[PDB]
Protein chains: 2
Amino acid sequence: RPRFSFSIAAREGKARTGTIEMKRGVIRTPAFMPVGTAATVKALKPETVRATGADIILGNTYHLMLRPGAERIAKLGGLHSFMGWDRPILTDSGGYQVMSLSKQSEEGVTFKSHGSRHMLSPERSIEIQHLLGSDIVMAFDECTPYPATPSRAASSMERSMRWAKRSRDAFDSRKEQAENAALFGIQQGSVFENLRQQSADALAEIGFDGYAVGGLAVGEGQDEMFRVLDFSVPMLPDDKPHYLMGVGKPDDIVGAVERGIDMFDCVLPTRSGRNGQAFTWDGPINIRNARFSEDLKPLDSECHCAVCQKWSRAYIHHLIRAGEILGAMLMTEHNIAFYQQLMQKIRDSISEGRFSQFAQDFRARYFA
Amino acid sequence: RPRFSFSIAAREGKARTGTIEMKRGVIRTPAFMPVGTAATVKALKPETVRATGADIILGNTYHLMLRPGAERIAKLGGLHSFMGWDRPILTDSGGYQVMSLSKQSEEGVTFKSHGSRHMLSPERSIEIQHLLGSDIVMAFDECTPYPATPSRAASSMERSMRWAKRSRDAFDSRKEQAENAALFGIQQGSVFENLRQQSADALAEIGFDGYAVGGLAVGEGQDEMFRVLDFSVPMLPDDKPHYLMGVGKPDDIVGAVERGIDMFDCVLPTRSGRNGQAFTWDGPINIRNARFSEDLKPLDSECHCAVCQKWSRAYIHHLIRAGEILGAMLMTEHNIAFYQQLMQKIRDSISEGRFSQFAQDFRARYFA
Ligand SMILES: CNc1nc2cc(C(=O)NN)ccc2[nH]1
Ligand SMILES: CNc1nc2cc(C(=O)NN)ccc2[nH]1
Ligand SMILES: [Zn+2]
Ligand SMILES: [Zn+2]
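About the cut-offs
Residues numbered from 1 in each chain as written, not as in the entry; some residues may be left out. Chains lettered and ligands numbered in written order. Heavy atoms only, no water. Residues with missing side-chain atoms left out of burial classes, pairs and counts. UniProt positions renumbered as here; feature names shortened; annotations may be inferred. Least-squares fit on C-alpha atoms. Contact = heavy atoms within 4.5 Å. Helix = DSSP H or I, 4+ residues; strand = E, 2+ residues; numbered from the N terminus. Polar contact = N/O pair within 3.5 Å; in protein donor to acceptor, adjacent residues only side chain to side chain. Buried area = accessible area lost by both parts, 1.4 Å probe. Salt bridge = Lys/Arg side-chain N within 4 Å of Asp/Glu carboxyl O. Nonpolar A, V, L, I, M, F, W, Y, C, P; charged D, E, K, R; others polar. Pairing = 2+ DSSP bridges. Axes fitted to C-alpha atoms, helices over the stretch in contact; angles between N-to-C directions. Donors = N, O, S within 2.8 Å, 3.2 Å for Na, K, Ca; no water. Tetrahedral: all angles 85-135°; square planar, octahedral: opposite > 155°, others 65-115°. Buried < 20%, exposed > 50% of the residue type's maximum accessible area, 1.4 Å probe, protein only. Near = heavy atom within 4 Å. Areas by Shrake-Rupley, 256 points an atom, 1.4 Å probe, with all protein chains shown as cover.

- Where the PDB entry is consulted, chain A appears under the name Queuine tRNA-ribosyltransferase, with the organism given as Zymomonas mobilis subsp. mobilis.
- What the PDB record gives as the title of this entry is "tRNA guanine Transglycosylase (TGT) in co-crystallized complex with 2-(methylamino)-1H-benzo[d]imidazole-5-carbohydrazide".
- The UniProt entry for chain A carries the following comment under Subunit: "Homodimer. Within each dimer, one monomer is responsible for RNA recognition and catalysis, while the other monomer binds to the replacement base PreQ1."
- Word for word, the UniProt comment on chain A under Sequence similarities is "Belongs to the queuine tRNA-ribosyltransferase family."

1. What to know about the relation of the copies chain B and chain A
- Of the transformation superimposing chain B on chain A, the axial component is 0.0 Å and the angular component is 180 degrees, with the fit at an RMSD of 0.0 Å. What we have between these two chains is a two-fold relation. When each C-alpha of chain B is compared by its distance to the rotation axis, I325(B) comes out closest, at 3.6 Å.
- Comparing contact sets, 100% of the residues at the interface of chain B also lie at the interface in chain A, consistent with an isologous, same-surface contact.

2. So, the UniProt feature "active site" in chain A
Residue and element names in this part refer to chain A.
- Under the UniProt annotation, the feature "active site" is placed at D92 and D265.
- You can see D92 is positioned in strand β6 (residues 89–92).
- In this structure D92 touches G59, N60, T61, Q97, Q129, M138 and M245, once residues within four positions along its chain are discounted.
- Those residues in contact with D265, other than ones at most four positions away along the chain, are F32, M33, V35, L58, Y243, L244, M245, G246, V247 and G248.
- A polar contact is formed between the side chain of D265 and the backbone nitrogen of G246, at a distance of 3.0 Å.

3. Let's talk about the interface of chain B and chain A
- With 35 residues of chain B at the interface, the matching set in chain A holds 35 residues.
- Roughly 3,300 Å² of surface becomes buried between chain B and chain A when both sides are summed, with 62% attributable to carbon and sulfur atoms.
- For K45(A), the salt bridge goes to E333(B), with nearest N and O atoms at 2.9 Å.
- The residue inventory of the side of chain B that touches chain A, partitioned by class, reads 20 nonpolar, 4 polar and 11 charged.

4. Quick word on the sheet that holds strand β9 (residues 136–138) of chain B
Residues and elements named next belong to chain B.
- In space, the 8 strands of this open sheet follow the order β4-β13-β12-β11-β10-β9-β6-β5, with parallel pairing throughout. Of all the strands in the sheet, just β4 (31–33) and β5 (57–60) have a single pairing partner and so form its edges. Each strand of the sheet is rotated relative to its neighbour by a mean of 25 degrees, with strand direction disregarded.
- Bridging between strand β6 (residues 89–92) and β9 involves 2 bridges; their strand directions are parallel. The residue bridging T91 from the neighbouring strand is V137, located in β9.
- Taken strand by strand, helix α15 (residues 325–351) contacts β4 and β13 (263–265), and its axis lies near 160 degrees from that of β4.

5. Describing the coordination of the zinc ion (ligand 3)
Residue and element names in this part refer to chain A.
- Distances from the zinc ion (ligand 3) to its protein donors, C303 (SG), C305 (SG), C308 (SG) and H334 (ND1), fall at 2.1 to 2.4 Å.
- Viewed at the metal, the 4 donor atoms of the zinc ion (ligand 3) are separated by angles of 99 to 116 degrees, and the geometry they form is tetrahedral.
- When the donors of the zinc ion (ligand 3) are listed by position in the chain, the intervening gaps give C-x1-C-x2-C-x25-H. Accessibility classification places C303 together with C308 in one group, the buried group.

6. So, the site of ligand 1
Residues and elements named next belong to chain A.
- Neighbouring residues of ligand 1: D92, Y96, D141, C143, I186, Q188, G214, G215, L216, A217, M245 and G246.
- For ligand 1, an oxygen atom lies 3.1 Å from a polar atom in the side chain of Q188.
- Contacts to ligand 1 include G215, whose backbone N or O atom sits 3.2 Å from an oxygen atom.
- Protein burial of ligand 1: of its 370 Å² of free accessible surface, 86% is covered by the chains.
- In terms of residue class, the shell around ligand 1 is built from 6 nonpolar, 4 polar and 2 charged.

Below you can see the structure in the form of structure tokens.
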């Protein structure tokens, strides 16, 4: 089993499909990572996450360093053993959650807990991810809020590229990490094509196993996100995976794949599932709506998940309206399974040379 | 498959062990019924409930008639189909929850929802339980609060015995119910031996498939409950099952079996599981306690449940402290499995003629 081996098996336009082989398993691309921020994918056992088709999940440096603590997780055997997920885990490096939930300098950032005071830096972020035992480690960078000025973007991007170098060196200075895990760099530059190019060149100069597109899914709109992707993804090394952080709605994922993205993560299927939103091929539905009170059909008429094989909309309606935990469990399992079936349909259509048609057919029905 | 067939396979003192055969399955006695008040055993899929060893679960007439409604559940195919549990279901008849959560007469009771106004009577309670499709139907009675006067007890008991007759006739007047389901009567009389005898005679005069001991688990203390059981259970027909409603803690169950009880129900393993209390053979523990933050052992060192095979105390500690749904799921599955292993140990020890020794050994270690 290799440390990190990305193969592209088929292409169509800018879209690609293939695999990433790692020590703890194979990751089919394009891939969706369920989010497991507090060492759990909310309301699901790891076996259920795997059953839906997930190959890899996402954990969070910022959250786990606060609770229950990275030194503690290391002492208890690592994140995989701690939560019972034995497949690959990607860990965000803490930059986006420091800005979103929690005194910056060139050395790093000090911040207050969501409330004690804590510190993060490129070297400290990489060491926490070693302690957690992450398989895909993210370089630590400095995010700037949206809609950032053109100067707030260039300053955050330039620093992030210097921090990308220190992340590389810290990772490479840890033998167990460099031999068993992989390191991704994060392209910044906001919506500015020249800054995105400068970021891409700096990251390719350093050299990473994969490249993320940062600074999107921040309230910019899909048209702007698609516009930024149009020129930004072709700047990244073609032969490495492309990871769009924080995205997104089903139609966002399809358009992003059409533009060359290989990996995705978003809290939407879990979070909105608990809120009562179920994804279907005819678009989302709110299972709390009174129209579902006596609807015996499954959540989606085609879905293969265990929820749609056993329980009705009317039952899940009742559960969510009564605030029952089982309602959150069933809604979440269905939504994560819907996302995985979507990625499977994308992978199959690219490999068969009919992804353009699939995308057109998908949007025609989903937005009907 | 018979409608209702209770066999006693072995005895020891007053304790008995055996089976109840019903159309939807076999119920091993002494039995513990997990409580599924809102058409769900809280935080568990029915398959997980069955995995822990449960043969039968309990539903609630008062709750289901309010939400989502009994006529509705009937229209959607019945309670079994609605929630996905295809084995026996016992339904409490609504008397205790009317008094506890929600204008009485000889005809019945009118009350306000937990908030519209609603009505219950012996005939209306039996019809709701038919609509739900319950396998074991409970007679509708009139509970009086604890610590009831000697006059509040005799008046509630006498009315309950008249209501037990109307429940019998309403059940018997419904052909599908009388042929496929069973009917239990509820002994009342508070702590008064003469009233308990009058209740027992009236119920045996009518004739039921089983007999419950009502009016306990109301804040009377275990010594008083055991005292009431000492004379009350021998008043019931020996050849029918004896059901102690609302009980209870592990040591309550053992002492109750020693006194002739065959069936049990309590929210304690589910409710206190969500609150962080885990049952072990060395007594309960609060998994939130800081002493468990780095404890890699399972919840209980002997437990056979899937939770104790996979996850540590330290992980479940973290989950419950973060308010994670998975914490409630794992705590609940372990507690219900612990209860079922307790009943299995009771059944095995009675059948082997060593239940007295088991009870002594159990209490010595549980209260150490
Ligand atoms: C949900 N939106 C969203 N945007 C993100 C951006 C980043 C980023 O630029 N990290 N360096 C990370 C996670 C994100 N999640
Ligand atoms: C938890 N305690 C508890 N006591 C109960 C008494 C009755 C009763 O007398 N019904 N007729 C029913 C359920 C109970 N649950
Ligand atoms: Zn589904
Ligand atoms: Zn266990």
